[PDB]
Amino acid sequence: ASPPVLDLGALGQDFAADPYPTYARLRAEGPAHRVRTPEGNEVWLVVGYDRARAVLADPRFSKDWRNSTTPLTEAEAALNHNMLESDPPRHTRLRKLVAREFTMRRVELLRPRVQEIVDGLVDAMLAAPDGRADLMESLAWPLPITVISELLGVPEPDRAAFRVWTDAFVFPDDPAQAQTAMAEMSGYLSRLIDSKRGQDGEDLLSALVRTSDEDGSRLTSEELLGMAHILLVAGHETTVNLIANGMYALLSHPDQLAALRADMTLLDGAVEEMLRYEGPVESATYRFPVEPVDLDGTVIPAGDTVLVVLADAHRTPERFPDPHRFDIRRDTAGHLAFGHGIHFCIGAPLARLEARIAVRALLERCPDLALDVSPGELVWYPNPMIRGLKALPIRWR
C-alpha cells in the first residue's frame, strides 16, 4: 500500500464531472486508499461517512506541516501559519483573534448590505434582453468576493486578481502556474498589509495589522499574512462554488425547484441539501497522522498526507438514505460540508447568509428560471479537493 492504486488524473473529465462512482467503488473495498491526484500529489483518501467524521475530529490527525513528511514548497511556506494548518495551541490563539467577527449574530448585521449586493447583481443580470446569462459570471462569483473584500478591506480594483489567482491554485494548468499564482497573491497581500499601517482603517485587515504591531507574540507578521490568506481563499471559491453548484443541483431537479418556489420556508433546508449533495469541499484540507493510524487493517504511516473525502461521506447510504436523490426536505443534520470538530468552518453563518439571500433572490426574481445548457456541455474541475464548474448558463422568461 505505497504506490497509488489509482491515478485520478488519468481518469480524465469523466471523473471530474462525476467522481462519486470512483469513491463508492473504493469505499466498498475499504476506508483508506493511496492515490495520485490529477495535479500529481500522492495522498491517501478516506471514504465512508463514519470513518470520515471520525478522522475529521481525531487529534491523531494533525494539520501542522511540521508533521508532514512532504515539505511545503517555498510559496506555500509563506502562507501556512494559519489556523486551518495548525493544531492547538496555535490554532486556539489564532481562531480567538477573529471569532467575534464571524458569529451568526455579528454576520446578521451584514444582511442589508448582502441583500443590497445580490439585488443589484440580479437587477443587472436580468437586463439581458434575450433572457439568458451565465449565473457564475453574474452572481456566484461577484457576490462573495464583494462581501469578503469589504470585510477585510481589499480595494475594488484589486478584487479581479483573486479569481485568477485562486483559479490557478484550485485547477492548476501545471504545477508551476499554481506556485507562481500563489507567490503573486502573497506579494499582493503583503503590500496590502503594509499599506494599512498608520492609516487608521476600520476594516478587519486594519485591526489585525494593529494587533500584530502592538504585540508580535500575539500575532506574528507571518500569521497576519496567513490569516489574510485563509479568510480570502477558504471562503472564496468555496462560497462561489456553493452557490453555482447548489443552483445547478436545484435547476437540474425540477421537482425540487417547484417545491421550493411553492413553499419558500423550505429555503434553509434547500441550502443545507445543496451543501450535502454538491458542496464545494469535495475533500477536506490535508491531515497528517502523528503516529501510524490503523483504519480497519489499513495502516497510514505517520506523516503521510490524508484527504477526507467529504463528498463520499455524503453519498453513504447507511447515513443518508437514498443518497443520490437531491431532496430539499431530507434531514441533512450531521452533513460534513463545513467539517467537524475544532476546525469546523468559521465562515459558516456568513456562507449561509450569502447563499440563502442569493437563492431566494433568484427564485423570486427570475420567472421560469432554468438551465440553458445541456448537462454534458458543462465543465467541472478535476481537483478532488474542490467541486466546481466553469460556467453556469441559465435562462428565464
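A residue's number is simply how far along the shown sequence it sits, counting from 1.
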| query | Is the mean CA B factor in the deposited entry higher across 362-370 or across 59-67? | reply | 362-370
| Of 16-24 and 372-380, the stretch whose C-alpha atoms average the higher B-factor in the entry | 372-380
| task | Just grab whichever of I148, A311, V233, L94 has the top CA B-factor as deposited. | result | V233
| request: Please work out which residue in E108, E273, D134, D167 has the highest C-alpha B-factor recorded for this crystal structure. | output: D167
| Third assignment of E291 from its chain's C-alpha B-factors | highest
| task | Determine, from the deposited record, the chain-internal third of the Cα B-factor for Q179: lowest, middle or highest. | result | highest
| request: Please rank the C-alpha B-factors of the chain's modelled residues and tell me whether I328 sits in the lowest, middle or highest third. | output: middle
| C-alpha B factor of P172, ranked within the chain: lowest, middle or highest third? | highest
| request: Could you tell me which third, lowest, middle or highest, the C-alpha B-factor of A140 occupies within its chain? | output: lowest
